[PDB]
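Student: Pasting a structure below so you can have a look.
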Amino acid sequence: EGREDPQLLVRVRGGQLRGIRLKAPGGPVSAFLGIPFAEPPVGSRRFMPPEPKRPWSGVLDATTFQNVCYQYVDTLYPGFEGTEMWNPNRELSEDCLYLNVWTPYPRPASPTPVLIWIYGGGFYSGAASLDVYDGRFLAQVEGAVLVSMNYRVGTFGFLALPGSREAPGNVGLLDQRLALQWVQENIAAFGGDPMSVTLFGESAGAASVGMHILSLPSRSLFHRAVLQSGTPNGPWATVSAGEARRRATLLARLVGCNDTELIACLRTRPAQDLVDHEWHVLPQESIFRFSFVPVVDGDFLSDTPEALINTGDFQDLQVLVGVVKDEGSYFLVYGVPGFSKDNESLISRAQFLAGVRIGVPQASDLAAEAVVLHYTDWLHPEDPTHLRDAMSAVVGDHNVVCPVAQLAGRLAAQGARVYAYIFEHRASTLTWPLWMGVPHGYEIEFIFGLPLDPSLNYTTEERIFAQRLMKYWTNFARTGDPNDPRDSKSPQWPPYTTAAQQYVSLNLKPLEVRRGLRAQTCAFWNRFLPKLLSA
Amino acid sequence: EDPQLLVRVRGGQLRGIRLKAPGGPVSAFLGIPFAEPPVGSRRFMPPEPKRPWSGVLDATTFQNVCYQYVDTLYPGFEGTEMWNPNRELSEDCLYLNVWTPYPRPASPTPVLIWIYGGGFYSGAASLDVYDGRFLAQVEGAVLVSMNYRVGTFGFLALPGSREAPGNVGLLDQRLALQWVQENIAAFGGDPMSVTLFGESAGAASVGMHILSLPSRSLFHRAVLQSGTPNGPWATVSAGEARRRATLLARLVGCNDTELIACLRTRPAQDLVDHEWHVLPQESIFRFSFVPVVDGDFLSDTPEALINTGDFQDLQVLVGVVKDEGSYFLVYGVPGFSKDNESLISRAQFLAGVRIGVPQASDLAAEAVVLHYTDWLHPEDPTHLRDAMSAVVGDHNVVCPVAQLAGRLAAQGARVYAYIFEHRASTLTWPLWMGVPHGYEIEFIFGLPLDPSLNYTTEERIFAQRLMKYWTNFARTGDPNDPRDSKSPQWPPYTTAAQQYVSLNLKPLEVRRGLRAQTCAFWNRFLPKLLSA
Ligand SMILES: Cc1ccc(C(=O)NCCCCC[n+]2ccccc2/C=N/O)cc1[N+](=O)[O-]
Ligand SMILES: Cc1ccc(C(=O)NCCCCC[n+]2ccccc2/C=N/O)cc1[N+](=O)[O-]
Ligand SMILES: *[C@@H]1O[C@H](CO)[C@@H](O)[C@H](O)[C@H]1NC(C)=O
Ligand SMILES: *[C@@H]1O[C@H](CO)[C@@H](O)[C@H](O)[C@H]1NC(C)=O
């Protein structure tokens with residue numbers, strides 16, 4: 001040492017770190033980027049649970065984002081910001097188990113509530129280094145300690161031969177769990193309070209958050225949870241052991257491969273070869289289905305998330321959950337004929353019928369017809385605008401909105417304090433077309449406070465709006481209650497209960513309270529369809 | 001004698017009676033025989049034309065009511081008694097009634113023929129609510145109503161047998177229609193402009209005349225109030241009719257010739273005693289002896305006939321009341337009664353759906369419960385009670401009416417649809433039943449125009465407007481006044497725009513889609529369900 005900024009030097013269990021002083025619009029923050037929390041899961045460690053990182057010597061430089069976990073890179077619209085904002089922004093590698101820490105500058109004197117972000121990406125993609133996950137605004141404006149981790153995705157994170165020693169499945173979730181243990185042991189060195197840790201995540205990250213609620217060893221590592229547009233229940237977040245084994249065995253043959261010999265051969269393949277065949281193992285033509293996701297192993301997940309939310313005790317739990325207004329629209333362009341970002345995507349009745357089969361790929365013919373009859377407007381059954389919007393609603397309701405409504409309802413009934421929202425504001429900077437409405441994932445930039453960066457060209461009201469949301473999320477992190485304790489003047493956010501089913505609209509206007517999360521429609525998906533399934 | 005009261009029809013002379021209506025006199029000819037009495041060896045047989053008679057036949061009085069079950073649910077309660085027979089019961093009951101203006105019309109006048117309801121087990125053309133004097137006096141119409149055999153005597157069928165071929169009660173109606181063709185010009189009626197109208201079982205009868213070729217040369221327009229030939233209560237298969245008749249015969253102590261011979265020896269009340277005991281399931285809105293798909297009067301199911309028919313030169317007026325189902329819940333569904341607000345639990349609501357959709361499987365009844373539950377108030381008594389009524393009215397009336405209107409409009413017919421939304425100031429049923437089945441009839445027939453029944457001034461003005469819709473439809477096949485040039489007009493129902501009108505105290509309002517989403521459930525989804 002000697003001439004470095006003494007506020008950027010910090011020791012953790014593994015050794016000494018040097019962080020970087022970043023500028024936020026309102027002042028400096030401290031960032032510690034690319035902290036390794038596991039041994040590199042490479043070579044003979046591919047598909048294995050993570051091992052804790054062994055101490056290093058000297059001062060590790062923690063001023064850069066580290067590698068992104070090896071993953072599929074989306075090529076649907078090459079050069080388009082709407083797609084590439086999600087793509088990896090650092091080199092791809094299997095050596096990718098690193099985490100990031102943002103704190104106030106100087107670091108806080110009293111211990112400060114910790115927010116831990118778990119990114120989404122369908123369990124096949126994602127990185128904690130993306131611009132929309134930038135912790136500097138929450139750290140500067142709300143004084144939060146923010147932690148985000150990389151976790152293995154795709155085959156490297158979730159390929160499972162259930163019951164094997166060499167590929168037990170869910171190691172991507174164990175990566176996240178190891179980072180949670182790293183926070184417990186080390187975050188006090190940054191001024192963070194290990195006894196006040198809130199998990200929040202979006203989509204597959206939200207499902208991940210839900211899995212930690214449901215997995216007993218993770219429960220001692222956090223105290224509150226936010227689930228944005230995703231759930232551990234629902235039709236895409238888990239597979240059975242049987243289906244996971246079928247998908248892993250098919251991927252093995254597609255790349256040229258007793259479970260030990262199979263996994264051993266898979267470990268000899270280049271990472272890119274596995275990624276090149278990941279999408280080829282899905283049982284049906286589908287959207288909103290991902291090849292390698294958490295498996296119901298009877299270990300991390302002692303049973304299906306359905307069984308666990310329906311029965312478990314949650315009296316100690318405080319959860320914030322919500323959806324965007326148009327959950328489904330984004331996904332139609334990845335497989336439903338007739339949908340494009342470049343047209344209005346007005347579709348015919350025939351294309352709606354074919355789309356329902358692709359967006360509800362596990363549905364029998366009778367179930368599909370039930371869906372079509374429910375979502376058809378029988379005063380205008382052939383109107384292309386209603387059919388396009390109905391296709392988006394089918395996909396959003398089946399995959400996100402109704403799994404969330406079920407989760408909120410079971411959690412509230414079984415002792416949890418639940419707060420629910422619908423996010424209804426479309427960013428003025430959105431590059432996706434207008435028919436997509438408020439698409440999946442486009443509340444994240446407001447939670448993290450990107451509008452406060454003047455160079456990103458958001459409106460003044462969007463900055464005020466972002467600050468409202470940062471206050472809601474951090475108040476909840478701090479107290480289990482998103483409401484401002486000193487501000488009773490503003491309209492209040494009531495908890496979701498089974499009796500009143502209250503939630504709030506999040507938009508440019510003051511909080512408005514609404515009742516029922518798609519109550520009629522979600523009864524169709526959550527109560528009727530499963531009973532139809534049993535026939 | 002009064003020459004206006006003396007008429008010669010093909011069978012001989014008749015003497016009618018001058019009756020007072022609020023605005024003047026009417027000529028009424030009550031109790032005109034149109035068939036040989038279907039008694040003795042003629043029971044269950046097709047009707048035969050009435051033999052000529054000598055002298056002047058006295059037609060100043062309503063004739064006997066066809067033998068039928070009499071309702072005892074609420075003894076002495078007007079809301080039920082108003083439907084009970086108001087003349088003596090007899091198997092000798094095939095008589096019709098004619099009202100005309102006094103003096104007799106100078107020009108041939110459009111004819112309206114009323115076919116009463118009563119679930120094909122009851123009913124009479126002599127009920128006070130079917131009084132034709134107001135339409136005759138105010139609109140100058142010639143009004144005809146007939147008695148037809150109900151219950152076992154009209155619809156007991158051993159299909160394919162010679163002596164109980166089925167549907168004889170519908171043949172009774174058809175013979176009265178031929179009587180109108182042959183004789184109505186003598187009253188000043190125009191046989192080239194005959195409009196059938198009927199309510200519930202009567203509307204389903206009207207619809208069965210639309211679907212049976214020999215009936216079609218006997219009328220030109222049709223009105224179907226709260227009833228349809230299609231749907232789940234109005235017809236039975238040949239096999240189910242055979243089962244029900246064989247069971248009734250076992251219950252009273254009896255190949256088909258011998259079985260029907262023994263049934264013919266049974267006193268009428270012996271047959272009625274067991275009428276309600278042959279239904280396959282505990283139910284409401286189900287009736288033991290109704291028209292049968294014989295392959296003769298009905299060449300096929302009403303469903304297949306409305307689906308494939310040619311209806312181009314046909315005009316039809318169809319509609320429903322606001323609360324079709326509420327009336328029937330008190331006849332079987334536990335927790336419903338005239339005398340309290342019938343606030344039911346959710347368990348009672350599930351139990352009620354098995355009774356109100358008695359042909360539904362476990363899965364189908366589950367679909368119904370989940371569809372009609374308000375999942376924001378899933379346990380609230382008021383919502384469950386109102387949903388129970390909705391299930392029954394939608395399943396049995398509203399969605400069959402929407403299916404029929406849609407098939408008719410798409411296949412050439414001219415259709416006008418309505419929903420009747422005014423609850424009579426004088427109603428004796430409780431408030432929770434709303435606007436019940438059958439309580440639009442008194443307005444169309446014009447009873448509010450009688451001051452002694454203590455209707456309100458608005459209801460009298462309302463009745464006059466309805467009388468004008470119905471008779472304008474009779475005159476032209478279009479209910480709109482060709483003199484009134486003020487909007488809104490009543491538009492035709494079509495498949496594209498699905499327009500219908502609300503009938504109430506306020507002016508006509510035009511609405512689109514007749515419970516479109518819910519009737520898609522009943523008419524499109526549920527059939528694919530039960531059948532797999
Ligand atoms: C070959 C292929 C490629 C992609 C798919 C597919 O279904 N893609 C959908 C997911 C991309 C979303 C990016 N994202 C990640 C995290 C958070 C938000 C967002 C977006 N905000 O809304 C499917 C296939 N395939 O089926 O072959
Ligand atoms: C033993 C019995 C008796 C009657 C029923 C049953 O379902 N009755 C229906 C209504 C009959 C009278 C009303 N009515 C009749 C003609 C025209 C209009 C109206 C008014 N409607 O609002 C059912 C049973 N049973 O279940 O056994
Ligand atoms: C939009 O674009 C896609 C692909 O280019 C096409 O298949 C679809 O039919 C288009 N839609 C319209 C409404 O032109
Ligand atoms: C913001 O607006 C300015 C206006 O000159 C433009 O030059 C800049 O590229 C814009 N930046 C973004 C991120 O939209």
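Ordering of the structure tokens sets the chain letters (A, B, ...); residue numbers start at 1 within each chain; ligands are numbered from 1 in the order shown.
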At a cut-off of 10 Å around ligand 3, and using only C-alpha atoms and all ligand atoms, what residues come up? Please write them as a PDB file with C-alpha atoms, in the first residue's frame.
Tutor:
```pdb
ATOM      1  CA  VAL A 333     -40.847 -13.171 -31.548  1.00  0.00           C
ATOM      2  CA  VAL A 336     -44.627 -17.961 -32.882  1.00  0.00           C
ATOM      3  CA  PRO A 337     -45.091 -17.475 -36.668  1.00  0.00           C
ATOM      4  CA  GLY A 338     -46.545 -14.063 -37.483  1.00  0.00           C
ATOM      5  CA  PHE A 339     -44.731 -12.082 -34.747  1.00  0.00           C
ATOM      6  CA  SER A 340     -41.851  -9.690 -35.392  1.00  0.00           C
ATOM      7  CA  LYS A 341     -40.384  -6.603 -33.791  1.00  0.00           C
ATOM      8  CA  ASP A 342     -40.464  -5.038 -37.268  1.00  0.00           C
ATOM      9  CA  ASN A 343     -44.267  -5.270 -37.941  1.00  0.00           C
ATOM     10  CA  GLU A 344     -47.456  -4.732 -35.970  1.00  0.00           C
ATOM     11  CA  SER A 345     -47.740  -8.542 -35.744  1.00  0.00           C
ATOM     12  CA  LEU A 346     -51.460  -8.569 -36.535  1.00  0.00           C
ATOM     13  CA  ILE A 347     -52.198 -12.290 -36.840  1.00  0.00           C
ATOM     14  CA  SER A 348     -55.013 -14.438 -38.190  1.00  0.00           C
ATOM     15  CA  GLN A 351     -51.990 -18.211 -36.514  1.00  0.00           C
ATOM     16  CA  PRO A 384     -56.097  -9.404 -35.788  1.00  0.00           C
ATOM     17  CA  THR A 385     -55.365  -6.862 -33.049  1.00  0.00           C
ATOM     18  CA  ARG A 388     -52.212 -10.668 -31.376  1.00  0.00           C
TER      19      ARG A 388
END
```
Student: Which residues come within 12 Å of residue 460 in chain A, counting only C-alpha atoms, excluding same-chain residues fewer than 6 positions away, as a PDB file with N, CA, C and O atoms, in the first residue's frame?
Tutor:
```pdb
ATOM      1  N   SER A 428     -39.676   5.536 -21.914  1.00  0.00           N
ATOM      2  CA  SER A 428     -39.633   6.373 -23.110  1.00  0.00           C
ATOM      3  C   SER A 428     -38.464   6.020 -24.025  1.00  0.00           C
ATOM      4  O   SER A 428     -38.450   6.445 -25.185  1.00  0.00           O
ATOM      5  N   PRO A 451     -32.563   5.738 -14.648  1.00  0.00           N
ATOM      6  CA  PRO A 451     -33.033   7.070 -15.054  1.00  0.00           C
ATOM      7  C   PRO A 451     -32.298   8.227 -14.384  1.00  0.00           C
ATOM      8  O   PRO A 451     -32.256   9.312 -14.973  1.00  0.00           O
ATOM      9  N   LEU A 452     -31.693   8.040 -13.202  1.00  0.00           N
ATOM     10  CA  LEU A 452     -30.975   9.151 -12.575  1.00  0.00           C
ATOM     11  C   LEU A 452     -29.676   9.500 -13.283  1.00  0.00           C
ATOM     12  O   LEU A 452     -29.094  10.552 -12.991  1.00  0.00           O
ATOM     13  N   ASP A 453     -29.219   8.665 -14.200  1.00  0.00           N
ATOM     14  CA  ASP A 453     -28.073   9.007 -15.029  1.00  0.00           C
ATOM     15  C   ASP A 453     -28.514   9.958 -16.141  1.00  0.00           C
ATOM     16  O   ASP A 453     -29.200   9.534 -17.080  1.00  0.00           O
ATOM     17  N   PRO A 454     -28.107  11.232 -16.100  1.00  0.00           N
ATOM     18  CA  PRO A 454     -28.661  12.202 -17.063  1.00  0.00           C
ATOM     19  C   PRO A 454     -28.317  11.879 -18.502  1.00  0.00           C
ATOM     20  O   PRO A 454     -29.085  12.230 -19.408  1.00  0.00           O
ATOM     21  N   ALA A 466     -38.277   6.498 -10.818  1.00  0.00           N
ATOM     22  CA  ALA A 466     -37.227   5.572 -10.402  1.00  0.00           C
ATOM     23  C   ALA A 466     -36.928   5.714  -8.917  1.00  0.00           C
ATOM     24  O   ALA A 466     -36.796   4.709  -8.208  1.00  0.00           O
ATOM     25  N   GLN A 467     -36.850   6.958  -8.426  1.00  0.00           N
ATOM     26  CA  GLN A 467     -36.540   7.194  -7.019  1.00  0.00           C
ATOM     27  C   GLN A 467     -37.636   6.663  -6.111  1.00  0.00           C
ATOM     28  O   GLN A 467     -37.350   6.177  -5.008  1.00  0.00           O
ATOM     29  N   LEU A 508     -46.432   6.216 -13.404  1.00  0.00           N
ATOM     30  CA  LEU A 508     -46.077   7.608 -13.144  1.00  0.00           C
ATOM     31  C   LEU A 508     -47.003   8.283 -12.138  1.00  0.00           C
ATOM     32  O   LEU A 508     -46.624   9.298 -11.544  1.00  0.00           O
TER      33      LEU A 508
END
```
Student: Find the residue from A:390, A:149, A:372, A:324 that sits nearest to chain B; use only C-alpha atoms when measuring.
Tutor: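 Checking each candidate against chain B, we get A:372 as the closest.
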Student: Using only C-alpha atoms, which residues of chain B come within 12 Å of chain A, and what is the closest atom pair for each, with the distance in Å to one decimal? Give it as a Markdown table, sorted by chain and residue number.
Tutor:
```
| residue | atom | partner | partner_atom | distance |
| --- | --- | --- | --- | --- |
| B:362 | CA | A:531 | CA | 10.3 |
| B:363 | CA | A:532 | CA | 7.4 |
| B:364 | CA | A:532 | CA | 9.6 |
| B:365 | CA | A:528 | CA | 11.0 |
| B:366 | CA | A:528 | CA | 7.7 |
| B:367 | CA | A:528 | CA | 6.6 |
| B:368 | CA | A:528 | CA | 9.9 |
| B:369 | CA | A:528 | CA | 9.8 |
| B:370 | CA | A:523 | CA | 7.0 |
| B:371 | CA | A:520 | CA | 7.9 |
| B:372 | CA | A:520 | CA | 9.3 |
| B:373 | CA | A:520 | CA | 8.3 |
| B:374 | CA | A:520 | CA | 7.1 |
| B:375 | CA | A:519 | CA | 5.6 |
| B:376 | CA | A:516 | CA | 6.2 |
| B:377 | CA | A:499 | CA | 8.2 |
| B:378 | CA | A:499 | CA | 9.5 |
| B:379 | CA | A:499 | CA | 9.9 |
| B:380 | CA | A:499 | CA | 11.0 |
| B:494 | CA | A:379 | CA | 11.1 |
| B:495 | CA | A:379 | CA | 8.9 |
| B:496 | CA | A:379 | CA | 7.7 |
| B:497 | CA | A:379 | CA | 7.2 |
| B:498 | CA | A:379 | CA | 7.4 |
| B:499 | CA | A:379 | CA | 10.1 |
| B:511 | CA | A:379 | CA | 11.3 |
| B:512 | CA | A:379 | CA | 7.6 |
| B:513 | CA | A:379 | CA | 6.1 |
| B:514 | CA | A:379 | CA | 9.3 |
| B:515 | CA | A:378 | CA | 9.5 |
| B:516 | CA | A:378 | CA | 5.8 |
| B:517 | CA | A:378 | CA | 6.1 |
| B:518 | CA | A:374 | CA | 9.4 |
| B:519 | CA | A:378 | CA | 9.3 |
| B:520 | CA | A:373 | CA | 7.0 |
| B:521 | CA | A:373 | CA | 7.3 |
| B:522 | CA | A:373 | CA | 10.7 |
| B:523 | CA | A:373 | CA | 10.6 |
| B:524 | CA | A:373 | CA | 7.8 |
| B:525 | CA | A:370 | CA | 6.7 |
| B:526 | CA | A:370 | CA | 9.4 |
| B:527 | CA | A:366 | CA | 11.1 |
| B:528 | CA | A:366 | CA | 7.6 |
| B:529 | CA | A:366 | CA | 7.7 |
| B:530 | CA | A:366 | CA | 11.2 |
| B:531 | CA | A:366 | CA | 10.8 |
| B:532 | CA | A:366 | CA | 8.8 |
```
Student: From a backbone DSSP assignment, name each residue in range 169-414 of chain A labelled strand (DSSP E or B), as a list in words.
Tutor: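 Residues meeting the strand (DSSP E or B) criterion: residues 192, 193, 194, 195, 196, 197, 198, 199, 200, 201, 202, 224, 225, 226, 227, 228, 239, 295, 318, 319, 320, 321, 322, 323, 324 and 326 of chain A.
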Student: Filtering to N, CA, C and O atoms, could you give me those residues as an mmCIF file, in the first residue's frame?
Tutor:
```cif
data_model
loop_
_atom_site.group_PDB
_atom_site.id
_atom_site.type_symbol
_atom_site.label_atom_id
_atom_site.label_comp_id
_atom_site.auth_asym_id
_atom_site.auth_seq_id
_atom_site.Cartn_x
_atom_site.Cartn_y
_atom_site.Cartn_z
ATOM 1 N N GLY A 192 -21.763 -3.915 5.484
ATOM 2 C CA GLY A 192 -23.081 -4.511 5.321
ATOM 3 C C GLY A 192 -23.488 -5.351 6.520
ATOM 4 O O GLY A 192 -22.657 -5.925 7.227
ATOM 5 N N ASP A 193 -24.797 -5.409 6.754
ATOM 6 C CA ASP A 193 -25.352 -6.129 7.891
ATOM 7 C C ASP A 193 -25.732 -7.536 7.462
ATOM 8 O O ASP A 193 -26.736 -7.705 6.748
ATOM 9 N N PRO A 194 -24.999 -8.570 7.888
ATOM 10 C CA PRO A 194 -25.368 -9.941 7.482
ATOM 11 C C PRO A 194 -26.682 -10.415 8.078
ATOM 12 O O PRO A 194 -27.238 -11.410 7.599
ATOM 13 N N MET A 195 -27.202 -9.746 9.097
ATOM 14 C CA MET A 195 -28.465 -10.140 9.698
ATOM 15 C C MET A 195 -29.651 -9.418 9.077
ATOM 16 O O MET A 195 -30.773 -9.534 9.584
ATOM 17 N N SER A 196 -29.429 -8.693 7.976
ATOM 18 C CA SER A 196 -30.499 -8.077 7.186
ATOM 19 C C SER A 196 -30.114 -8.208 5.711
ATOM 20 O O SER A 196 -29.562 -7.289 5.103
ATOM 21 N N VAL A 197 -30.422 -9.362 5.127
ATOM 22 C CA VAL A 197 -30.115 -9.647 3.729
ATOM 23 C C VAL A 197 -31.421 -9.920 2.991
ATOM 24 O O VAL A 197 -32.183 -10.817 3.377
ATOM 25 N N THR A 198 -31.670 -9.157 1.929
ATOM 26 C CA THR A 198 -32.832 -9.326 1.068
ATOM 27 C C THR A 198 -32.366 -9.842 -0.290
ATOM 28 O O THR A 198 -31.438 -9.281 -0.886
ATOM 29 N N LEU A 199 -32.990 -10.922 -0.765
ATOM 30 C CA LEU A 199 -32.750 -11.414 -2.114
ATOM 31 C C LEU A 199 -33.745 -10.778 -3.067
ATOM 32 O O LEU A 199 -34.936 -10.692 -2.766
ATOM 33 N N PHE A 200 -33.266 -10.340 -4.224
ATOM 34 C CA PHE A 200 -34.194 -9.947 -5.268
ATOM 35 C C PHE A 200 -33.638 -10.354 -6.617
ATOM 36 O O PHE A 200 -32.419 -10.416 -6.812
ATOM 37 N N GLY A 201 -34.561 -10.675 -7.530
ATOM 38 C CA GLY A 201 -34.200 -11.165 -8.844
ATOM 39 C C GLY A 201 -35.391 -11.135 -9.773
ATOM 40 O O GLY A 201 -36.542 -11.025 -9.343
ATOM 41 N N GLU A 202 -35.098 -11.240 -11.061
ATOM 42 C CA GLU A 202 -36.143 -11.145 -12.053
ATOM 43 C C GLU A 202 -36.148 -12.376 -12.959
ATOM 44 O O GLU A 202 -35.095 -12.927 -13.285
ATOM 45 N N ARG A 224 -35.505 -11.700 3.692
ATOM 46 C CA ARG A 224 -36.628 -11.195 2.920
ATOM 47 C C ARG A 224 -36.331 -11.444 1.449
ATOM 48 O O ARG A 224 -35.180 -11.669 1.062
ATOM 49 N N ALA A 225 -37.376 -11.395 0.627
ATOM 50 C CA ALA A 225 -37.232 -11.819 -0.757
ATOM 51 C C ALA A 225 -38.143 -11.005 -1.662
ATOM 52 O O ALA A 225 -39.292 -10.723 -1.307
ATOM 53 N N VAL A 226 -37.620 -10.643 -2.833
ATOM 54 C CA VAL A 226 -38.377 -9.983 -3.891
ATOM 55 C C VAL A 226 -38.340 -10.870 -5.130
ATOM 56 O O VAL A 226 -37.263 -11.294 -5.560
ATOM 57 N N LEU A 227 -39.511 -11.150 -5.697
ATOM 58 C CA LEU A 227 -39.644 -11.998 -6.886
ATOM 59 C C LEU A 227 -40.291 -11.169 -7.984
ATOM 60 O O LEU A 227 -41.508 -10.962 -7.965
ATOM 61 N N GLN A 228 -39.486 -10.712 -8.944
ATOM 62 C CA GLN A 228 -39.971 -9.904 -10.059
ATOM 63 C C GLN A 228 -40.218 -10.808 -11.266
ATOM 64 O O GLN A 228 -39.275 -11.387 -11.818
ATOM 65 N N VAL A 239 -37.791 -29.099 -13.946
ATOM 66 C CA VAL A 239 -38.126 -30.332 -14.645
ATOM 67 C C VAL A 239 -38.097 -31.466 -13.632
ATOM 68 O O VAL A 239 -37.526 -31.350 -12.544
ATOM 69 N N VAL A 295 -33.744 -29.043 -11.406
ATOM 70 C CA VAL A 295 -34.395 -30.337 -11.411
ATOM 71 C C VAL A 295 -34.933 -30.615 -10.011
ATOM 72 O O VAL A 295 -34.309 -30.243 -9.005
ATOM 73 N N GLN A 318 -41.296 -12.485 4.551
ATOM 74 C CA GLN A 318 -41.807 -11.256 3.962
ATOM 75 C C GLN A 318 -41.334 -11.195 2.525
ATOM 76 O O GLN A 318 -40.130 -11.257 2.262
ATOM 77 N N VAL A 319 -42.283 -11.097 1.600
ATOM 78 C CA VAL A 319 -42.009 -11.235 0.178
ATOM 79 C C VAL A 319 -42.669 -10.087 -0.567
ATOM 80 O O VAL A 319 -43.787 -9.676 -0.239
ATOM 81 N N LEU A 320 -41.972 -9.568 -1.567
ATOM 82 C CA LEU A 320 -42.530 -8.632 -2.527
ATOM 83 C C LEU A 320 -42.531 -9.314 -3.885
ATOM 84 O O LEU A 320 -41.508 -9.874 -4.294
ATOM 85 N N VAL A 321 -43.682 -9.305 -4.566
ATOM 86 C CA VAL A 321 -43.844 -10.008 -5.835
ATOM 87 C C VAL A 321 -44.583 -9.114 -6.818
ATOM 88 O O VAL A 321 -45.407 -8.278 -6.434
ATOM 89 N N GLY A 322 -44.331 -9.321 -8.101
ATOM 90 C CA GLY A 322 -45.079 -8.534 -9.058
ATOM 91 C C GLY A 322 -44.762 -8.928 -10.477
ATOM 92 O O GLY A 322 -43.892 -9.764 -10.742
ATOM 93 N N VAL A 323 -45.492 -8.294 -11.396
ATOM 94 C CA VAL A 323 -45.400 -8.592 -12.817
ATOM 95 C C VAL A 323 -45.382 -7.282 -13.584
ATOM 96 O O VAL A 323 -45.738 -6.225 -13.058
ATOM 97 N N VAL A 324 -44.981 -7.361 -14.851
ATOM 98 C CA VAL A 324 -45.121 -6.208 -15.734
ATOM 99 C C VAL A 324 -46.449 -6.366 -16.457
ATOM 100 O O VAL A 324 -47.054 -7.440 -16.438
ATOM 101 N N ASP A 326 -47.226 -6.483 -19.638
ATOM 102 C CA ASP A 326 -47.245 -7.302 -20.863
ATOM 103 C C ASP A 326 -46.137 -8.360 -20.815
ATOM 104 O O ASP A 326 -45.195 -8.342 -21.617
#
```
Student: What does the structure give for the distance between CA of residue 111 in chain B and CA of residue 193 in chain B, in Å to one decimal?
Tutor: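 Between CA of residue 111 in chain B and CA of residue 193 in chain B the gap works out to 6.2 Å.
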Student: For each of A:162, A:455, A:482, A:364, take the minimum atom-to-atom distance to ligand 4, counting only C-alpha atoms and all ligand atoms, then give the residue where this is smallest.
Tutor: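 Once distances to ligand 4 are computed over only C-alpha atoms and all ligand atoms, the minimum belongs to A:455.
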Student: Check which residues fall inside 7 Å of ligand 1 when counting only C-alpha atoms and all ligand atoms, and print them as a ChimeraX atom specification.
Tutor: /A:74,83,86,119-122,125-126,202-203,279,286-289,330-331,334-335,439-442
Student: Which neighbours of range 11-28 of chain B fall inside 10 Å, counting only C-alpha atoms, when residues of the same chain fewer than 2 positions from it are skipped, and could you give them as number ranges by chain?
Tutor: B: 1-9, 30-34, 49-61, 97-104, 132-138, 140, 142-144, 183, 187, 449-451
Student: Calculate how many Å separate CA of residue 96 in chain A from CA of residue 205 in chain A, rounding to one decimal.
Tutor: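 The value is 17.1 Å.
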Student: List as a ChimeraX atom specification the protein and nucleic acid residues near range 275-279 of chain B, meaning an atom at most 12 Å away when only C-alpha atoms are counted, but skip any in the same chain fewer than 4 places from it.
Tutor: /B:68-71,120-122,150-153,155-156,233,236,240-252,268-271,283-290,358-359
Student: Residues within 8 Å of ligand 4 (only C-alpha atoms and all ligand atoms), as a compact mmCIF listing (two decimals) with N, CA and C atoms, in the first residue's frame?
Tutor:
```txt
# COMPACT_ATOMS: atom_id res chain seq x y z
N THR A 429 -37.47 5.29 -23.52
CA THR A 429 -36.29 4.87 -24.26
C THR A 429 -36.42 3.47 -24.85
N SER A 455 -27.19 11.20 -18.74
CA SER A 455 -26.78 10.86 -20.09
C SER A 455 -27.64 9.77 -20.76
N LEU A 456 -28.53 9.10 -20.03
CA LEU A 456 -29.38 8.08 -20.64
C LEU A 456 -30.69 8.62 -21.18
N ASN A 457 -30.94 9.93 -21.05
CA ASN A 457 -32.04 10.60 -21.75
C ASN A 457 -33.43 10.10 -21.33
```
Student: Please identify every residue of range 277-307 of chain B that has at least one atom no farther than 12 Å from an atom of range 404-423 of chain B, counting only C-alpha atoms, and for each give the shortest atom pair and the distance in Å to one decimal, arranged by chain then increasing number, as JSON lines.
Tutor:
```
{"residue": "B:302", "atom": "CA", "partner": "B:404", "partner_atom": "CA", "distance": 9.7}
{"residue": "B:303", "atom": "CA", "partner": "B:404", "partner_atom": "CA", "distance": 8.9}
{"residue": "B:304", "atom": "CA", "partner": "B:407", "partner_atom": "CA", "distance": 10.6}
{"residue": "B:305", "atom": "CA", "partner": "B:407", "partner_atom": "CA", "distance": 9.9}
{"residue": "B:306", "atom": "CA", "partner": "B:407", "partner_atom": "CA", "distance": 6.2}
{"residue": "B:307", "atom": "CA", "partner": "B:407", "partner_atom": "CA", "distance": 6.2}
```
